[PDB]
Amino acid sequence: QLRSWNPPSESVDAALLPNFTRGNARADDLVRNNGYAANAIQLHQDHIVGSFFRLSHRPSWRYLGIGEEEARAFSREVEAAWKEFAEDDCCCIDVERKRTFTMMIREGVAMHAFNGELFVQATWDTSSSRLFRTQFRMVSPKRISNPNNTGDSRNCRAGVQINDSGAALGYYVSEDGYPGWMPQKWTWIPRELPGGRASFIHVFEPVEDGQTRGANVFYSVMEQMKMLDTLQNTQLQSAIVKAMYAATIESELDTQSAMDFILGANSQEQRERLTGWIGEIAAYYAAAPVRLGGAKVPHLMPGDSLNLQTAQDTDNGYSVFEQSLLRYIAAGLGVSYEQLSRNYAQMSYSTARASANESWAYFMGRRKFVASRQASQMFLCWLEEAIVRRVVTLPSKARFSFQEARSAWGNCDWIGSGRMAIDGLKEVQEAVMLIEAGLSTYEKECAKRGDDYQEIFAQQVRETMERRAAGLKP
Amino acid sequence: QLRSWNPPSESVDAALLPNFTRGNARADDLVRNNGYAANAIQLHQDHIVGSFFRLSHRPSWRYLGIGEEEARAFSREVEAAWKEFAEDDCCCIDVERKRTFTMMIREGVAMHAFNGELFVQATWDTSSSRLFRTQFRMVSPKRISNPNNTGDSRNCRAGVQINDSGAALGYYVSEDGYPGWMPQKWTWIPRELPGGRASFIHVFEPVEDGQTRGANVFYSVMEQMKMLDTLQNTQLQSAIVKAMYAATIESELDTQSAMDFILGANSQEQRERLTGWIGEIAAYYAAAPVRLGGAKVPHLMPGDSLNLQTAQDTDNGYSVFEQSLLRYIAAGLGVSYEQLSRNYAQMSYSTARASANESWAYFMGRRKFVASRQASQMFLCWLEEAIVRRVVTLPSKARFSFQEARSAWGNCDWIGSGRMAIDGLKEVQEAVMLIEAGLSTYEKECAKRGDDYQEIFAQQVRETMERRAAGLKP
Amino acid sequence: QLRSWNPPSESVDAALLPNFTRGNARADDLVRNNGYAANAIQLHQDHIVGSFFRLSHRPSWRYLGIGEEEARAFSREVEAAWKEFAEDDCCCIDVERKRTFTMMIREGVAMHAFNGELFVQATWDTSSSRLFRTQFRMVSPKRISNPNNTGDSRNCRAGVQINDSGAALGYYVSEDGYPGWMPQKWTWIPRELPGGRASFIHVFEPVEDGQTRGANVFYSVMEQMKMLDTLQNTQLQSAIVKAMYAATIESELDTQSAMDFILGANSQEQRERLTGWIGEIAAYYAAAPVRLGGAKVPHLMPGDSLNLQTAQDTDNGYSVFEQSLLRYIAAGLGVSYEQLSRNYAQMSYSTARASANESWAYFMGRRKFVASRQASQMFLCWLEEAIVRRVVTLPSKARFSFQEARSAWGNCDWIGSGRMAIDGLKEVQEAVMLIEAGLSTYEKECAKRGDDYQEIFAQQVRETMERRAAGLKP
Amino acid sequence: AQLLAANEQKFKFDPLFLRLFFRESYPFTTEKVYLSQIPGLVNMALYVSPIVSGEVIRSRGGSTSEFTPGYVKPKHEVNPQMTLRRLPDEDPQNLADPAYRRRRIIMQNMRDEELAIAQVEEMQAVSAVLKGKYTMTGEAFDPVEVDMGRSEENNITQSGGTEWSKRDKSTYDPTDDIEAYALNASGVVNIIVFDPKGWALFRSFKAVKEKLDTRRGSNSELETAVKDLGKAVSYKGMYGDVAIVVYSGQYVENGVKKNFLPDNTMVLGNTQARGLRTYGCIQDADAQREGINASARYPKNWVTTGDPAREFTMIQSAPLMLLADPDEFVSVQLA
């Protein structure tokens with residue numbers, strides 16, 4: 001079985017890139033034919049981004065000498081601008097003109113999960129319906145190959161032109177293949193502009209040094225493919241052969257030496273004996289009507305029957321095989337099957353909350369690992385455009401210029417899915433302890449709750465004043 | 001078995017579009033013959049929209065410089081207008097004149113679930129029974145094919161005319177096929193008007209770039225089809241063969257060499273022996289009446305019987321096969337079977353509330369992903385019409401014009417199904433904690449409760465004053 | 001087995017309408033022969049309407065400029081009038097003169113459940129026993145066929161005359177067939193009058209566009225039919241063959257060659273041997289009295305016996321087959337069998353209240369989906385008649401005329417079954433939390449409780465004053 | 001079944017015929033060779049008056065433009081049941097791998113394949129420049145004679161008149177015959193490559209042996225070519241003006257082996273004679289739908305499902321290599 005799937009013995013990058021197309025193609029096959037990939041990407045979406053992905057700008061006020069109040073007001077301005085620019089209802093923020101920021105993050109994270117890499121391009125849109133002429137078009141991974149599909153070279157390696165030190169200079173984007181009859185032409189695309197401008201945002205997780213591509217799926221999913229095939233076929237055979245039945249006719253006849261002599265005489269010159277016996281047996285079956293049930297017994301003149309003696313008859317064991325292996329690959333691939341297909345077998349209280357909190361912290365890990373890159377890159381490009389357009393005003397006491405301290409000025413964090421609910425009592429006792437001991441700040445409280453302290457305080461002011469005015473109890 | 005269903009190895013869009021008609025047709029077959037699709041669409045309806053889908057208009061007052069109080073009063077006016085326009089009792093808001101806003105959302109979400117896409121068209125009704133001359137007619141997905149059913153082309157691709165960059169310009173709507181004998185003629189329909197007017201609302205979820213169609217169902221449901229078939233047939237065979245019985249007659253007779261010699265002599269020239277024996281056996285069965293029960297033993301003269309020796313006799317295993325696979329595809333397709341067909345097997349407390357809260361948050365995900373598009377599009381069209389008719393008054397200090405900031409002015413959110421009830425104690429301890437710590441605002445409190453803070457306060461005023469007047473206890 | 005039931009591969013409307021009569025006829029067969037349909041319709045009745053269906057008129061006072069107090073008093077007048085008109089004790093509100101409003105809703109919902117559609121007609125009764133000359137006669141679905149049972153046509157489609165756009169103009173009502181010998185004649189009936197008057201209330205749920213008929217039952221119930229048949233027959237066979245017994249007589253005799261020679265000699269010319277042996281065996285059985293029990297051993301002279309060797313002897317499996325399938329179709333069709341036939345197997349506390357609350361919310365869904373249409377239509381017709389008769393007085397400051405704003409004036413909601421009881425502690429802790437936090441209004445409190453705030457306050461006034469007068473404790 | 005790109009050899013070692021005289025490759029998208037389509041030699045003299053310019057010049061319509069290329073498509077099995085060629089002690093553990101055994105055995109199989117087509121192409125070349133006739137033939141195929149047009153003076157024989165065997169082994173000089181046969185060759189001859197015994201009786205004359213220079217005196221890249229193909233081309237040395245070579249290449253036919261060269265033959269001509277390598281259509285659905293209908297060679301590795309449920313390596317080609325000028329070489333049978 002190791003024949004149809006073969007690992008070379010070498011560093012992972014040189015063991016994957018030669019068989020990149022086959023592994024990725026069979027990955028496409030399984031993610032299309034199989035529901036597990038859809039469920040996994042959907043849960044990753046709903047744990048990492050969830051409803052939305054919220055920007056929070058925190059310029060390094062302490063290091064830059066900027067006042068915290070000026071930083072906070074400038075952040076208010078940039079947050080209002082960014083939310084109003086992102087909430088465009090006409091899907092107009094993409095060059096394809098059919099994806100908002102939500103689906104920017106969606107397709108980016110999905111493709112960085114599947115192929116391990118995502119490709120964003122900051123292009124200059126001309127549609128004047130918005131103040132900001134920068135859109136972000138996502139680039140397929142099929143596009144990145146060496147110019148004219150040539151094999152890897154000295155410095156042109158699977159489509160990326162690098163130096164001897166590996167520094168990613170640029171890329172050869174092959175032309176799109178949709179419809180299925182466009183030819184591919186390779187075009188030069190630099191990774192970033194010299195001034196720090198993020199033109200081609202290439203975010204991938206390298207497992208080792210010098211690696212150019214991300215992680216796969218199929219190269220650990222062939223075994224589900226062939227287990228589902230084998231369980232499927234074995235259930236089919238079991239079902240079809242629980243009551244397969246042979247309906248033949250035998251007789252006494254069979255006078256050993258006499259039967260053999262009759263057969264030999266028929267073979268030599270006395271076939272009339274066989275013809276007469278066949279006629280008698282045909283008359284037998286047409287005067288009997290030899291019929292078993294609703295159907296006719298298949299015509300068998302005496303002396304021939306099937307021997308449907310069977311193989312071993314122990315239990316198939318597939319039960320504990322499949323539970324063990326589903327277990328196995330479930331906290332292999334990472335998301336547990338007791339919800340990837342939802343068993344409720346013997347699961348208990350500590351079971352539930354321990355599994356939930358470890359899995360949720362681990363999704364927080366993946367979120368902070370493979371979402372903040374895209375978030376910061378897009379925010380940096382948008383903030384550069386805003387500074388170009390003088391939408392928001394930089395602090396006058398800027399210790400470093402915007403172009404010099406884009407990292408310092410464009411320092412930001414992002415908020416993923418909403419408020420976690422698992423037990424209730426858990427979150428509420430945590431909340432009461434934090435609010436009584438002061439062990440929670442504005443920033444981490446809002447991180448835990450998916451809200452904002454400024455708005456909760458303003459709305460509590462509104463709550464109290466409306467209760468006082470209408471006669472309610474604050 | 002892989003013969004009657006075949007995946008190509010290619011990108012998903014080019015692997016689905018060539019076999020679009022067959023997959024969709026067998027999807028129709030299974031959603032019509034099978035109850036699971038009906039239950040799934042019904043639960044999706046009752047989790048996403050539920051009773052109703054409530055509009056809430058929040059123009060970006062902070063960014064536009066609009067006062068929050070003016071924004072709130074303008075929102076009050078637009079909400080009153082929208083509710084009174086939507087509550088039309090004569091089903092008159094559609095061109096078909098037989099669906100209200102509720103069934104707009106219903107059919108839209110159902111078709112965007114089945115085919116992955118929904119097609120709305122903003123048409124100018126002439127029926128003067130309402131102030132607003134805009135209706136929204138939904139367009140079938142069968143209509144979108146290339147002009148005269150031609151195969152995909154360079155830029156005309158499965159009915160959508162796009163550019164090289166993929167931008168969806170317009171569509172070729174084939175003529176309706178009901179009654180089953182109208183010919184199809186393809187008509188041009190642009191996606192949107194240049195001024196931002198949403199004429200042809202085409203909302204679909206693209207799994208990858210350049211994809212034009214949504215997701216399927218059958219391409220993961222063929223296995224339920226053939227498992228239900230195999231379990232059905234195997235139960236039928238098991239039932240019919242638990243007591244199938246062969247009723248033949250044998251005798252001692254059978255003098256080996258003598259019987260063979262008699263048969264050979266009969267075959268050659270002595271058939272009178274066989275005739276005499278048959279006569280004797282007929283007299284035997286007519287003087288015995290050889291009868292077993294209520295029925296006659298089927299006529300078998302001696303020397304011939306059926307050999308109903310069986311196949312293996314181990315348990316079929318279908319029990320744990322079917323539990324494992326129902327498990328499997330249940331949190332595949334997404335909604336758990338312990339309610340898609342309702343098992344109560346060994347299910348526990350943490351089981352219940354963990355499963356319920358994760359599934360409900362995930363339905364909140366689907367709701368915010370595939371309902372807000374249609375909601376915002378319809379609201380934008382209706383608000384544009386209202387501004388045309390001067391029903392509601394835009395703020396005088398508009399920083400941007402309506403046509404320029406339709407996204408900013410027409411910023412809105414929507415509320416789906418009503419107040420979730422699962423445990424009681426859970427929701428009430430959450431409510432008491434939120435109302436004591438102030439950790440809940442007007443907007444998210446009303447989101448959690450399915451109510452409105454303004455109306456709860458006004459009705460609490462009414463409550464207190466009526467209790468005071470009538471003598472009750474506020 | 002797929003032979004006696006056949007799905008075409010096409011859109012659901014064109015896959016059902018050609019086989020409409022057969023599917024509906026077998027649906028009638030199963031709903032008549034089978035108790036499940038009766039139980040399901042009874043529970044749907046008792047969950048949707050229950051005891052009664054209560055009208056509540058809420059004209060859009062805010063949008064129309066009407067004062068809330070005037071709207072409430074006008075609603076009081078219309079509610080008193082509607083309750084006194086509906087409470088007619090002589091069953092006189094129907095043209096058939098044998099159904100009140102309760103059975104209007106009953107038959108309407110039952111037929112909209114069975115066929116997916118209901119047909120009401122607003123006719124002008126002449127019986128002067130009531131002030132209102134409008135009755136509502138319900139129209140059978142068998143009546144709607146093309147004029148003279150012709151097949152579907154261009155615009156005349158299964159009895160409905162529509163345009164190319166599908167707009168339902170009118171209907172061809174075939175004459176009644178009771179007694180079973182009236183001929184059918186097709187009469188024209190428009191769907192609604194141009195002035196918005198609801199003449200022919202045709203309420204059906206269309207699964208897709210252009211669909212004219214509702215949903216079925218049998219097309220998912222054939223499998224219960226044939227499972228009940230197969231389990232029935234297999235239990236009958238098992239019962240009859242647990243102790244079927246063959247009572248024959250064999251003997252030693254059987255001297256192989258000698259017996260064969262004797263039989264051959266008898267066949268040729270020596271039948272006297274057989275006659276003598278038969279005489280000896282008859283004397284044997286008449287001198288023995290060969291008798292086994294209370295009955296005589298059936299007469300078998302030696303040398304012939306039945307071979308009742310059996311088929312396989314594994315457990316039938318029907319146990320877990322039937323539990324799995326009852327499970328299956330139970331939360332298929334929607335109402336769980338652990339009450340459609342009431343199992344109490346291993347069912348637990350979270351089991352009970354989770355299942356109950358989800359099922360009850362889902363019945364609230366069906367109620368608000370398939371009851372409010374009929375309620376609003378009937379209320380609109382009755383209110384139009386009341387305005388014609390000047391029973392209730394419209395507001396003088398009417399921003400729009402009655403005929404123009406029938407939807408705005410005739411805005412109404414309805415209350416179904418009474419106060420839900422499942423646990424007690426649940427409802428009471430909910431009630432105490434709502435009444436302490438004010439999180440419940442008049443309208444939704446009365447919706448939850450099945451009462452009225454005005455009457456509860458008036459009766460609490462009466463309670464307190466009678467307790468004070470008689471000496472009790474308020 | 002492995003991909004198309006697993007066709008890396010870097011082993012092009014044809015015996016100085018298809019690489020030195022017959023460089024002029026013309027793979028077509030069309031079945032036959034259309035010599036009218038090939039420009040070949042261009043009409044290459046006339047100018048126009050210093051007022052205006054003249055007509056349009058075309059490919060000058062070759063008289064015969066219809067011959068059948070030798071569409072050769074053999075195959076083999078690479079069934080992982082053999083122990084393979086084990087290069088000395090490079091970790092036979094990878095041979096123990098079915099993956100490495102299968103890939104280097106498809107390497108070995110396919111290299112056998114192109115050297116097979118190369119050796120049959122060399123037989124075509126030796127027929128071509130030894131008689132001007134080529135036998136496009138095979139069972140279940142009509143024998144087409146493809147003639148470049150070798151003239152009679154290009155087929156004049158040494159045995160006619162006086163034979164070198166029937167001459168003085170000491171005083172006679174065959175150089176006179178050398179220019180006698182070289183004059184009617186439409187050019188200069190600079191290689192005198194013999195078959196072995198032909199060179200034997202050539203050098204049997206003393207005048208030859210004290211006229212030839214055994215020294216290198218490296219004239220051209222022919223020494224480099226001999227160093228490359230030290231197998232069957234043997235650079236005897238200088239005969240002074242001209243280079244002396246001997247070809248003793250051998251083809252190993254169905255049951256036996258024998259030399260490419262006949263007993264005693266010679267072709268007098270240049271090292272830069274023009275040789276056409278017209279190539280026909282490649283009848284493989286893969287080749288057509290990926291555009292390899294006009295190419296040199298096509299490999300593939302592919303699995304048969306069913307009766308011959310196995311896996312094979314398939315090589316397809318269609319050469320019809322000829323010589324542009326058959327008169328360029330004088331073909332002489334020797335004494």
# chains A, B, ... in the order shown; residues from 1 in each chain; ligands from 1
$ residues_around --residues "region 282-294 of chain A" --least-positions-apart "3" --cutoff "10 Å" --atoms "only C-alpha atoms" --output "ChimeraX atom specification"
/A:247,249,276-279,297-301 /B:244-248,298-301,304-306
$ write_last_selection --atoms "N, CA and C atoms" --output "PDB file, in the first residue's frame"
ATOM      1  N   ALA A 247     -28.995 -22.092  -4.884  1.00  0.00           N
ATOM      2  CA  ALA A 247     -30.176 -22.911  -5.140  1.00  0.00           C
ATOM      3  C   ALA A 247     -29.871 -23.843  -6.303  1.00  0.00           C
ATOM      4  N   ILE A 249     -29.648 -28.242  -7.609  1.00  0.00           N
ATOM      5  CA  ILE A 249     -30.322 -29.524  -7.445  1.00  0.00           C
ATOM      6  C   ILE A 249     -29.287 -30.636  -7.547  1.00  0.00           C
ATOM      7  N   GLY A 276     -30.686 -38.311 -23.377  1.00  0.00           N
ATOM      8  CA  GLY A 276     -31.872 -38.859 -22.744  1.00  0.00           C
ATOM      9  C   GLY A 276     -32.013 -38.434 -21.296  1.00  0.00           C
ATOM     10  N   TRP A 277     -30.905 -38.429 -20.550  1.00  0.00           N
ATOM     11  CA  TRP A 277     -30.968 -37.985 -19.161  1.00  0.00           C
ATOM     12  C   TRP A 277     -31.318 -36.506 -19.069  1.00  0.00           C
ATOM     13  N   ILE A 278     -30.759 -35.685 -19.961  1.00  0.00           N
ATOM     14  CA  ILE A 278     -31.076 -34.261 -19.960  1.00  0.00           C
ATOM     15  C   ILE A 278     -32.543 -34.045 -20.304  1.00  0.00           C
ATOM     16  N   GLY A 279     -33.069 -34.819 -21.255  1.00  0.00           N
ATOM     17  CA  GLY A 279     -34.488 -34.732 -21.559  1.00  0.00           C
ATOM     18  C   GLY A 279     -35.356 -35.133 -20.382  1.00  0.00           C
ATOM     19  N   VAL A 297     -36.101 -21.739  -9.137  1.00  0.00           N
ATOM     20  CA  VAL A 297     -34.809 -22.335  -8.809  1.00  0.00           C
ATOM     21  C   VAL A 297     -33.993 -22.400 -10.094  1.00  0.00           C
ATOM     22  N   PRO A 298     -32.787 -21.836 -10.130  1.00  0.00           N
ATOM     23  CA  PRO A 298     -31.996 -21.873 -11.365  1.00  0.00           C
ATOM     24  C   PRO A 298     -31.685 -23.300 -11.789  1.00  0.00           C
ATOM     25  N   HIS A 299     -31.859 -23.536 -13.086  1.00  0.00           N
ATOM     26  CA  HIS A 299     -31.894 -24.866 -13.673  1.00  0.00           C
ATOM     27  C   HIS A 299     -30.571 -25.591 -13.461  1.00  0.00           C
ATOM     28  N   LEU A 300     -30.606 -26.601 -12.594  1.00  0.00           N
ATOM     29  CA  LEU A 300     -29.469 -27.473 -12.346  1.00  0.00           C
ATOM     30  C   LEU A 300     -29.919 -28.925 -12.388  1.00  0.00           C
ATOM     31  N   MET A 301     -29.595 -29.589 -13.491  1.00  0.00           N
ATOM     32  CA  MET A 301     -29.725 -31.031 -13.556  1.00  0.00           C
ATOM     33  C   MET A 301     -28.767 -31.693 -12.564  1.00  0.00           C
TER      34      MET A 301
ATOM     35  N   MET B 244     -37.350 -19.005   5.761  1.00  0.00           N
ATOM     36  CA  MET B 244     -37.609 -19.636   4.478  1.00  0.00           C
ATOM     37  C   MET B 244     -37.374 -21.133   4.623  1.00  0.00           C
ATOM     38  N   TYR B 245     -38.284 -21.926   4.063  1.00  0.00           N
ATOM     39  CA  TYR B 245     -38.301 -23.361   4.334  1.00  0.00           C
ATOM     40  C   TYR B 245     -38.541 -24.105   3.030  1.00  0.00           C
ATOM     41  N   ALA B 246     -37.757 -25.155   2.798  1.00  0.00           N
ATOM     42  CA  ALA B 246     -37.873 -25.995   1.613  1.00  0.00           C
ATOM     43  C   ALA B 246     -38.692 -27.225   1.983  1.00  0.00           C
ATOM     44  N   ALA B 247     -39.762 -27.471   1.230  1.00  0.00           N
ATOM     45  CA  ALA B 247     -40.657 -28.595   1.491  1.00  0.00           C
ATOM     46  C   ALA B 247     -40.602 -29.540   0.301  1.00  0.00           C
ATOM     47  N   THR B 248     -39.652 -30.470   0.322  1.00  0.00           N
ATOM     48  CA  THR B 248     -39.515 -31.456  -0.737  1.00  0.00           C
ATOM     49  C   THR B 248     -39.711 -32.843  -0.144  1.00  0.00           C
ATOM     50  N   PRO B 298     -45.265 -28.816  -1.915  1.00  0.00           N
ATOM     51  CA  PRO B 298     -45.072 -28.785  -3.368  1.00  0.00           C
ATOM     52  C   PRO B 298     -44.569 -30.120  -3.896  1.00  0.00           C
ATOM     53  N   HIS B 299     -45.181 -30.539  -4.999  1.00  0.00           N
ATOM     54  CA  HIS B 299     -45.072 -31.890  -5.526  1.00  0.00           C
ATOM     55  C   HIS B 299     -43.631 -32.214  -5.900  1.00  0.00           C
ATOM     56  N   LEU B 300     -43.020 -33.093  -5.109  1.00  0.00           N
ATOM     57  CA  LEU B 300     -41.684 -33.603  -5.372  1.00  0.00           C
ATOM     58  C   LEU B 300     -41.677 -35.117  -5.232  1.00  0.00           C
ATOM     59  N   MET B 301     -41.657 -35.794  -6.373  1.00  0.00           N
ATOM     60  CA  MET B 301     -41.385 -37.217  -6.389  1.00  0.00           C
ATOM     61  C   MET B 301     -39.960 -37.488  -5.901  1.00  0.00           C
ATOM     62  N   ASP B 304     -34.979 -35.818  -5.266  1.00  0.00           N
ATOM     63  CA  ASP B 304     -34.554 -34.461  -5.593  1.00  0.00           C
ATOM     64  C   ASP B 304     -34.967 -33.528  -4.468  1.00  0.00           C
ATOM     65  N   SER B 305     -34.012 -32.748  -3.967  1.00  0.00           N
ATOM     66  CA  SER B 305     -34.266 -31.782  -2.911  1.00  0.00           C
ATOM     67  C   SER B 305     -33.307 -30.608  -3.047  1.00  0.00           C
ATOM     68  N   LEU B 306     -33.718 -29.472  -2.494  1.00  0.00           N
ATOM     69  CA  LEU B 306     -32.902 -28.267  -2.495  1.00  0.00           C
ATOM     70  C   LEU B 306     -31.895 -28.316  -1.353  1.00  0.00           C
TER      71      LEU B 306
END
$ interface_residues --of "chain A" --to "chain C" --cutoff "10 Å" --atoms "only C-alpha atoms" --output "VMD selection string"
chain A and resid 242 to 243 245 472 to 473
$ interface_residues --of "chain A" --to "chain D" --cutoff "9 Å" --atoms "only C-alpha atoms" --output "PDB file with N, CA, C and O atoms, in the first residue's frame"
ATOM      1  N   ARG A   3       2.951   1.745  -1.965  1.00  0.00           N
ATOM      2  CA  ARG A   3       3.310   1.937  -3.359  1.00  0.00           C
ATOM      3  C   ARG A   3       2.726   3.206  -3.966  1.00  0.00           C
ATOM      4  O   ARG A   3       3.430   3.900  -4.707  1.00  0.00           O
ATOM      5  N   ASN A   6       4.662   7.864  -1.680  1.00  0.00           N
ATOM      6  CA  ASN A   6       6.050   7.527  -1.387  1.00  0.00           C
ATOM      7  C   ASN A   6       6.841   8.683  -0.787  1.00  0.00           C
ATOM      8  O   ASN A   6       6.984   9.741  -1.413  1.00  0.00           O
ATOM      9  N   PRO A   7       7.365   8.512   0.428  1.00  0.00           N
ATOM     10  CA  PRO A   7       8.205   9.552   1.012  1.00  0.00           C
ATOM     11  C   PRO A   7       9.665   9.342   0.656  1.00  0.00           C
ATOM     12  O   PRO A   7      10.213   8.243   0.845  1.00  0.00           O
ATOM     13  N   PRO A   8      10.335  10.363   0.132  1.00  0.00           N
ATOM     14  CA  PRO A   8      11.799  10.338   0.073  1.00  0.00           C
ATOM     15  C   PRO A   8      12.401  10.645   1.440  1.00  0.00           C
ATOM     16  O   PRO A   8      11.758  11.212   2.324  1.00  0.00           O
TER      17      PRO A   8
END
$ residues_around --residues "region 424-433 of chain C" --least-positions-apart "3" --cutoff "12 Å" --atoms "only C-alpha atoms" --output "count of residues only"
30
$ residues_around --residues "residue 191 (chain D)" --least-positions-apart "3" --cutoff "10 Å" --atoms "only C-alpha atoms" --output "PDB file with C-alpha atoms, in the first residue's frame"
ATOM      1  CA  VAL D 188      35.896  18.882 -50.425  1.00  0.00           C
ATOM      2  CA  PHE D 194      36.624   3.327 -43.497  1.00  0.00           C
ATOM      3  CA  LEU D 222      36.932  15.510 -34.388  1.00  0.00           C
ATOM      4  CA  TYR D 235      40.832   8.299 -35.226  1.00  0.00           C
ATOM      5  CA  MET D 238      46.442  12.228 -40.351  1.00  0.00           C
ATOM      6  CA  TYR D 239      46.976  11.136 -43.934  1.00  0.00           C
ATOM      7  CA  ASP D 241      45.854  16.699 -45.841  1.00  0.00           C
ATOM      8  CA  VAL D 242      42.894  14.525 -44.803  1.00  0.00           C
ATOM      9  CA  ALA D 243      41.782  12.813 -41.596  1.00  0.00           C
ATOM     10  CA  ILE D 244      41.722   9.008 -41.424  1.00  0.00           C
ATOM     11  CA  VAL D 245      38.976   7.435 -39.303  1.00  0.00           C
ATOM     12  CA  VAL D 246      37.546   3.924 -38.992  1.00  0.00           C
ATOM     13  CA  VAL D 267      31.643   7.653 -48.630  1.00  0.00           C
ATOM     14  CA  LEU D 268      33.630  10.700 -49.755  1.00  0.00           C
ATOM     15  CA  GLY D 269      32.202  14.030 -48.640  1.00  0.00           C
ATOM     16  CA  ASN D 270      32.358  16.922 -46.195  1.00  0.00           C
ATOM     17  CA  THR D 271      31.883  17.024 -42.438  1.00  0.00           C
TER      18      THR D 271
END
$ atom_distance --atom1 "CA of residue 410 (chain C)" --atom2 "CA of residue 59 (chain C)"
6.1 Å
$ atom_distance --atom1 "CA of residue 317 (chain A)" --atom2 "CA of residue 319 (chain C)"
22.2 Å
$ select_by_dssp --residues "region 382-416 of chain C" --states "alpha helix (DSSP H)" --output "ChimeraX atom specification"
/C:382-389,406-409
$ write_last_selection --atoms "C-alpha atoms" --output "PDB file, in the first residue's frame"
ATOM      1  CA  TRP C 382     -63.786  41.093   8.985  1.00  0.00           C
ATOM      2  CA  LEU C 383     -62.352  44.555   9.686  1.00  0.00           C
ATOM      3  CA  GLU C 384     -63.236  45.718   6.177  1.00  0.00           C
ATOM      4  CA  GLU C 385     -66.790  44.535   6.808  1.00  0.00           C
ATOM      5  CA  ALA C 386     -66.818  46.306  10.185  1.00  0.00           C
ATOM      6  CA  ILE C 387     -65.676  49.564   8.577  1.00  0.00           C
ATOM      7  CA  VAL C 388     -68.408  49.126   5.961  1.00  0.00           C
ATOM      8  CA  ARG C 389     -70.990  48.679   8.732  1.00  0.00           C
ATOM      9  CA  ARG C 406     -55.493  48.188   5.331  1.00  0.00           C
ATOM     10  CA  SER C 407     -52.100  46.680   6.167  1.00  0.00           C
ATOM     11  CA  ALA C 408     -51.277  49.594   8.482  1.00  0.00           C
ATOM     12  CA  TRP C 409     -54.731  49.780  10.077  1.00  0.00           C
TER      13      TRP C 409
END
